[PDB]
Amino acid sequence: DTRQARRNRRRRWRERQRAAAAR
RNA sequence: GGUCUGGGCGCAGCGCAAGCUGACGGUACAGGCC
């Protein structure tokens with residue numbers, strides 16, 4: 001995986017854990 | 001209403017050289033199934 005692919009894939013886990021954390 | 005993918009090009013940090021990276025840009029953009 002490239003920096004973007006991971007970065008892109010990460011922001012999903014990122015924001016998602018974001019939602020859970022926030023919620 | 002939900003879910004999945006990804007290429008930069010940027011600012012920074014380091015080296016006889018050769019290279020790489022930031023739960024950062026970027027909750028972007030570009031495209032997906034009912």
# chains A, B, ... in the order shown; residues from 1 in each chain; ligands from 1
$ interface_residues --of "chain B" --to "chain A" --cutoff "9 Å" --atoms "only C-alpha atoms (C1' of nucleotides)" --output "PyMOL selection string"
chain B and resi 5-8+21+23+26-27
$ residues_around --residues "residue 25 in chain B" --least-positions-apart "3" --cutoff "10 Å" --atoms "only C-alpha atoms (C1' of nucleotides)" --output "PyMOL selection string"
chain B and resi 10-11+28
$ atom_distance --atom1 "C1' of residue 24 in chain B" --atom2 "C1' of residue 1 in chain B"
29.8 Å
$ residues_around --residues "residue 33 in chain B" --least-positions-apart "6" --cutoff "12 Å" --atoms "only C-alpha atoms (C1' of nucleotides)" --output "number ranges by chain"
B: 2-4
$ write_last_selection --atoms "N, CA and C atoms (P, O5', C5', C4', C3', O3' and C1' of nucleotides)" --output "PDB file, in the first residue's frame"
ATOM      1  P     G B   2     -25.519   7.492   8.453  1.00  0.00           P
ATOM      2  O5'   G B   2     -25.091   6.126   7.716  1.00  0.00           O
ATOM      3  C5'   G B   2     -25.397   4.871   8.283  1.00  0.00           C
ATOM      4  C4'   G B   2     -24.938   3.745   7.353  1.00  0.00           C
ATOM      5  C3'   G B   2     -23.444   3.781   7.068  1.00  0.00           C
ATOM      6  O3'   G B   2     -22.680   3.279   8.145  1.00  0.00           O
ATOM      7  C1'   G B   2     -24.724   3.183   5.144  1.00  0.00           C
ATOM      8  P     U B   3     -21.077   3.430   8.156  1.00  0.00           P
ATOM      9  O5'   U B   3     -20.611   2.577   6.873  1.00  0.00           O
ATOM     10  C5'   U B   3     -20.634   1.167   6.890  1.00  0.00           C
ATOM     11  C4'   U B   3     -20.141   0.617   5.550  1.00  0.00           C
ATOM     12  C3'   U B   3     -18.703   1.023   5.244  1.00  0.00           C
ATOM     13  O3'   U B   3     -17.767   0.189   5.892  1.00  0.00           O
ATOM     14  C1'   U B   3     -20.099   1.358   3.363  1.00  0.00           C
ATOM     15  P     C B   4     -16.196   0.544   5.883  1.00  0.00           P
ATOM     16  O5'   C B   4     -15.782   0.397   4.336  1.00  0.00           O
ATOM     17  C5'   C B   4     -15.579  -0.874   3.755  1.00  0.00           C
ATOM     18  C4'   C B   4     -15.153  -0.727   2.293  1.00  0.00           C
ATOM     19  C3'   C B   4     -13.860   0.063   2.133  1.00  0.00           C
ATOM     20  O3'   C B   4     -12.719  -0.729   2.384  1.00  0.00           O
ATOM     21  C1'   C B   4     -15.488   0.710   0.520  1.00  0.00           C
TER      22        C B   4
END
